[PDB]
Amino acid sequence: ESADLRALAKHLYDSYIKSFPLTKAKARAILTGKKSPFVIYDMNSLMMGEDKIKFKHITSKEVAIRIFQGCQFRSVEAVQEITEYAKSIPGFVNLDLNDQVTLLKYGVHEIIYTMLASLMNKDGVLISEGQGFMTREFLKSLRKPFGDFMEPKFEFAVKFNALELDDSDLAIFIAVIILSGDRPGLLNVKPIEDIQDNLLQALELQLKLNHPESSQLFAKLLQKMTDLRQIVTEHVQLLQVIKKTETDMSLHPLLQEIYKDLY
Amino acid sequence: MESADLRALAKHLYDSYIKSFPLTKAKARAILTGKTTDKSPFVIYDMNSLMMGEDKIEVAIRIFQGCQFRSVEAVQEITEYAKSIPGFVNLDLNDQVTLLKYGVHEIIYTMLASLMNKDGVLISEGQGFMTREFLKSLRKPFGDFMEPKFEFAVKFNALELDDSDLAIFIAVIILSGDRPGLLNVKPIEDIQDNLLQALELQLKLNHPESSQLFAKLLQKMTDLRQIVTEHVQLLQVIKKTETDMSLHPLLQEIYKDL
Ligand SMILES: Cc1ccc2c(c1)c(-c1ccc(C(=O)O)cc1OCc1ccccc1)nn2C(=O)c1c(Cl)cccc1C(F)(F)F
Ligand SMILES: Cc1ccc2c(c1)c(-c1ccc(C(=O)O)cc1OCc1ccccc1)nn2C(=O)c1c(Cl)cccc1C(F)(F)F
């Protein structure tokens, strides 16, 4: 069944390229300087950037809040990209509909963190499909809770990126996260774990072929699921503090409804 | 890196685990499944049976201090086991402390599952059994402090690991290079890689019909991280209400900075 696992890997890779706007391969070429992105490193350059590139999300006048909301806006788009990707995972669309919704609902946060790392290095993050680059130092220097909200994402990414996965590896890894049988409220766990078993087999073979010199990479990647679960838990606690503290967060009730899953 | 060496390592750890830990899973299962007159536990299911049990072998506090006493002993046993893990004692001394400090709680949960089924837990080296319903009915924060241990154990025990599997699994946990404050991660990760290879082959040989058991076991390391986090929090909240609780200096130290 090696050929079947390879077939599965290729299927997911092809779908991953169609679903997501910027691949890790492209993001690394931009970050390493190999079409030069506009750089946001302070308030003035932010203002010029939104006037020149017109980074979508601009509707509170306060910068820190506008950047925070920009993150939420992009994460809503990512949810729809991940949802579409999921539909391409063999067996997924055949699951109970309620279980499809549960899997996506409890998976998307972990997947967004994972894929965010593809767009990050130790110095900052790509935005607008790699047309902009916003510096870590600028994000961290935002006031109040906002600075401290941004920095944990970079800390995770720097560590995740040390595994040096590529898109073909990530396509399978993301699938493994979606098909987690331990999500709350699942109706029929067995078929979910059967599909995950296939994906885990596929990921194992993919990592042995693609990184033969990298010993126990499979195991190291699964251990990252521990850091993912933890940071998502922290994320929720940080969001709640912000919600209780900040009165100037007010959007139109219809935007709030659009963002309800993320805020 | 070569099979025969991986099997040699599995045997080494299993042998050391038997020496370090008084009550194996194999012994616990023979007691729990019964059909043996000699090994039958006295069962504590209420206040009266507790009173008779002390003659034979505040309530919530006494039970709590029972759990705490055993946990301290477990730390001691785990520490002794850790020294047998090849390479561990050769590490920087600060890193040895750090690995134990963050590792013991995860191991205690894991090994406590060996002593549990869905109806209760073995105590007093298997001479006693205390019911889950009795523990959960303890007052105040204490009831809800007991129950999560059982909820984990029921799930972990579904994997049907035996002691030879657990010996390697526990060693993997201890040699975690992602602990906070580690000075030299590389030598830790080198040992862990060896243990992971040993675990993978152990599981393939011992559970050949159990697909991706390796991966499913590593996924349990995630559940451990979260439950230990919740444990610490709940223990802190209890500390602030209850002055009638003392923690052994060893546990006290482990909890300082979590
Ligand atoms: C720097 C940072 C911090 C928190 C962050 C994020 C980035 C992002 C984010 C995620 C996915 C992409 C993607 O292109 O694939 C892009 C993202 O930012 C782009 C961005 C950066 C700066 C200003 C505007 C827009 N999300 N985010 C979150 O806080 C977040 C995360 Cl990691 C997961 C789930 C939900 C959220 C959020 F909704 F609360 F934002
Ligand atoms: C059921 C339960 C709940 C919380 C628990 C525990 C059990 C235990 C515990 C752990 C290891 C053994 C071991 O034989 O190997 C035994 C243990 O109980 C035995 C026991 C049960 C009932 C009455 C008296 C004694 N500890 N425990 C804790 O709350 C605990 C844990 Cl899991 C880890 C560290 C510290 C603690 C404690 F200090 F807070 F107790």
Side-chain angles (χ1 to χ4, degrees), chain A residues 20-22 27 40 46 55-57 66-79 81-82 108-120 124-130 132 134 136 138-140 146 149-154 156-157 231-232 235-236 238-239 242 259 261-263, chain B residues 21-23 28 44 50 62-75 77-78 104-109 111-112 114-116 120-126 128-130 132 134-136 142 145-150 152-153 227-228 231-232 234-235 238 245 247-248 251 254-255:
Chain A
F20 297 107
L22 182 62
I40 304 173
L46 173 61
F55 308 121
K56 56 175 174 162
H57 72 282
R66 291 175 59 234
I67 294 172
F68 173 83
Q69 291 178 342
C71 297
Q72 301 177 300
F73 152 75
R74 173 64 188 127
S75 291
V76 168
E77 294 184 301
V79 168
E81 293 158 5
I82 296 159
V108 284
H109 281 263
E110 296 170 11
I111 292 160
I112 290 170
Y113 270 95
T114 297
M115 294 188 70
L116 179 58
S118 291
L119 305 186
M120 279 181 165
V125 57
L126 295 179
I127 65 170
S128 291
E129 306 188 10
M134 184 173 304
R136 178 178 190 177
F138 179 54
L139 285 158
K140 188 180 192 299
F146 294 106
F149 180 81
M150 301 300 178
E151 178 62 2
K153 284 62 171 178
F154 286 98
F156 164 77
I231 197 170
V232 170
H235 179 99
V236 162
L238 293 170
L239 283 183
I242 292 167
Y259 288 8
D261 57 312
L262 298 176
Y263 187 46
Chain B
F21 297 110
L23 180 54
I44 302 169
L50 178 57
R62 276 188 299 151
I63 290 174
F64 181 84
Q65 298 288 345
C67 304
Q68 191 198 292
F69 174 76
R70 258 304 296 161
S71 283
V72 166
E73 279 181 353
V75 170
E77 295 154 8
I78 291 158
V104 286
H105 276 93
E106 294 175 14
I107 293 162
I108 289 176
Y109 266 82
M111 293 188 73
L112 179 60
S114 301
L115 303 190
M116 283 175 162
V121 58
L122 292 172
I123 64 161
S124 178
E125 269 182 302
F129 178 92
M130 185 167 299
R132 178 179 186 173
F134 179 55
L135 286 157
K136 192 185 180 185
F142 289 108
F145 179 76
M146 304 303 182
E147 176 62 5
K149 284 68 172 173
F150 285 100
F152 170 77
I227 196 161
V228 164
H231 170 98
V232 162
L234 184 45
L235 188 57
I238 287 170
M245 281 162 57
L247 292 83
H248 185 294
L251 283 180
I254 289 161
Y255 284 126

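Order of the sequence lines fixes the chain letters, A, B, ..., with proteins taken first and strands second; residue numbering starts at 1 for each chain. Start at 1 and go down the list; that is how both ligands and their atoms are numbered.
Every atom of ligand 2 is numbered from 1 in the order shown, and the set under 4.0 Å from a heavy atom of B:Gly66 is 24 (C), 25 (C). Residue B:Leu251 approaches ligand 2 through these ligand atoms, each under 4.0 Å from one of its heavy atoms: 38 (F).
For atom 34 (C) of ligand 1, the nearest non-hydrogen atom of the protein is A:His109 ND1, 3.4 Å. Among all protein heavy atoms, the one lying closest to atom 4 (C) of ligand 2 is B:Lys149 CE, 3.6 Å. In this structure, atom 21 (C) of ligand 2 lies nearest to the protein heavy atom B:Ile123 CG2, 3.6 Å. Among protein heavy atoms, atom 31 (C) of ligand 1 sits closest to A:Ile112 CG2, 3.6 Å. The nearest protein atom to atom 1 (C) of ligand 2, hydrogens excluded, is given as B:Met116 CE, 3.7 Å; this is a heavy-atom distance. For atom 28 (C) of ligand 2, the closest non-hydrogen atom on the protein side is B:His231 CE1, 3.9 Å. Annotation: atom 17 (C) of ligand 2 to nearest protein heavy atom, B:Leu112 CD1, 3.8 Å. Nearest protein neighbour of atom 30 (C) of ligand 2, counting heavy atoms only, is B:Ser71 OG, 3.3 Å. Remark: minimum distance from atom 29 (O) of ligand 2 to any protein heavy atom is reached at B:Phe145 CE2, 3.0 Å.
Here the straight-line distance linking atom NZ of B:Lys149 with atom CD1 of B:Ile108 works out to 10.5 Å at 0.5 Å rounding.
Ring geometry for A:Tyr113 against A:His235 counts as perpendicular: the plane angle is over 60°, on a 0 to 90° scale with 30° as the lower cut.
At a heavy-atom cutoff of 4.0 Å, ligand 1 is contacted by the side chain of A:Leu119 but not by its backbone. Within the 4.0 Å heavy-atom criterion, neither part of B:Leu247 lies near ligand 2. With a 4.0 Å heavy-atom cut-off, ligand 1 is reached by no atom of A:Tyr263. By the criterion of a heavy-atom distance under 4.0 Å, neither the backbone nor the side chain of B:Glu73 is placed next to ligand 2.
Considering backbone and side-chain N/O atoms, B:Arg70 comes within less than 3.5 Å of an N/O atom of ligand 2.
In this structure, B:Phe64 has a heavy atom closer than 4.0 Å to ligand 2. Look at B:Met111 and you'll find every heavy atom at least 4.0 Å from all atoms of ligand 2. Ligand 2 lies less than 4.0 angstrom from a heavy atom belonging to B:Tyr255. Close to ligand 1: A:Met150, with a non-hydrogen atom less than 4.0 angstrom away.
No close placement of the A:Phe68 and A:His57 rings is indicated, their centers lying 6.0 Å or farther apart.
Other residues, nucleotides and ligands contribute over 12 non-hydrogen atoms within 6.0 Å of the CD atom of A:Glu77.
When the heavy-atom distances from atom 6 (C) of ligand 2 to B:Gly120, B:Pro22, B:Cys67 are ranked, the shortest goes to B:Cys67.
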